[PDB]
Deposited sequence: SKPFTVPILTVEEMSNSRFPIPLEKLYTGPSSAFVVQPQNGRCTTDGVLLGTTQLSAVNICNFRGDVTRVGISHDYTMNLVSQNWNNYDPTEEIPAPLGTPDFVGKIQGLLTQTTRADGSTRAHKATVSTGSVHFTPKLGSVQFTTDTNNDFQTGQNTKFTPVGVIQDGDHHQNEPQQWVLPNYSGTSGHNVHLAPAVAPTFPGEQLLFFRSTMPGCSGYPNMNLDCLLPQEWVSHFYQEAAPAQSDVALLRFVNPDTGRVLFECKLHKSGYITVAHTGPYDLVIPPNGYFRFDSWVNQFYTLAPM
């Protein structure tokens, strides 16, 4: 089957690490730190990796029943799946699919329905993924909420993420630092691999969004390796990889001109020939086009 990538523009696509649209393309050096996101990870022949699942609307969502911690404003959620069925901690994934893959404090609304009468309630809530109580691989996470009495036990409860917060500027979130999915009780397991360019003169190409900020002075940059729409495309097509590297051209259909070319690696990330940080300047109708399979030794034209 012939390999292809979607023809959607950058602004028509969704971030694969948080439920927000893509905004722009960025490249920069990343030799000095580990790039190992767990969402937005898929091979070109459609194997999902890490905590990756198929729709952006599920990313950083949590579902379960909740119990108040003491008589505080904090609540423990005992996690269930997207469709309210069992989460199995022995499945060989790092954490439930869609679990946040960065250290930070995510604000949203915790909502609940009482099954017996259909009454509903919602409260502002924050989940700190750097907390010792962030233990989704064990099956639970803890929220700080704006109530100490309103949530009922044994009732379906959902967290919808909205944005990020900071305390003390732009020191958090840390988008390339993975949470400890088992807290202090164990090390992370079954991770999608860290990524790096292996070819001299190349850098990763990132698909960039700005997370909403909800308090303080947060770092709101969020970079993903693949748009969510590419994840879902590769998953469905499952086109065999004929080499380890697919050559893509970013084209302007208004002029037929190629703006730049890049390498899509079979294991699911893109590199460009550039040195230094750079915010790409792209036309509104630009899109990526697969042109050929190449080997690891192909030299890209400078971006």
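Residues of the deposited sequence lacking C-alpha coordinates fall in the stretches 1, 170-171, numbered from 1.
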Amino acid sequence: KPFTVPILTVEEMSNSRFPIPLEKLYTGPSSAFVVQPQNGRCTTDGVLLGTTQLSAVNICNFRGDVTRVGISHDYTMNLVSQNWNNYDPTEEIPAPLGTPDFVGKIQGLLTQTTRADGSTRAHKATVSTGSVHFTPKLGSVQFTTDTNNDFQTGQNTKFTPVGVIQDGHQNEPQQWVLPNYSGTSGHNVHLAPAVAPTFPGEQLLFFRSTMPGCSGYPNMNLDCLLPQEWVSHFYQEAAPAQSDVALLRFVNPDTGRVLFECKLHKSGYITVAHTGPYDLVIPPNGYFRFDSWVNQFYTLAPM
From here on, numbers count along this sequence of modelled residues.
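For the two forms, the rigid core is made up of the largest set of C-alpha atoms that agree within 1.5 Å on superposition.
The stretch that moves more in 4 other deposited structures of this protein, judged by CA deviation after a rigid core superposition and choosing between 210-218 and 196-204, is 196-204. Core superposition of the other structures onto this form places the C-alphas of 30-38 farther off in 4 other deposited structures of this protein than those of the other stretch among 230-238 and 30-38. A summary of the deposited B-factors shows that, of 250-258 and 264-272, the stretch with the larger mean C-alpha value is 250-258. Averaged over Cα atoms, the B-factor as recorded in the entry is higher for 81-89 than for the other of 206-214 and 81-89.
Of all the options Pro193, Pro197, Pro94, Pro100, the entry's greatest CA B-factor is assigned to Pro197.
Note on the listed residues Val47, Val66, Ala32, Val69: the highest Cα temperature factor in the record is that of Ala32. Among all modelled residues in this chain, the alpha-carbon of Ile165 has a temperature factor (C-alpha) in the middle third. Placement of the Cα temperature factor of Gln112 within the chain: lowest third of the modelled residues, per the deposited record. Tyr75: CA B factor lies in the middle third for its chain, per the PDB record.
Per the PDB record, residue ranking by Cα B-factor puts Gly104 in the middle third of the chain. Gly183: CA B factor lies in the middle third for its chain, per the PDB record.
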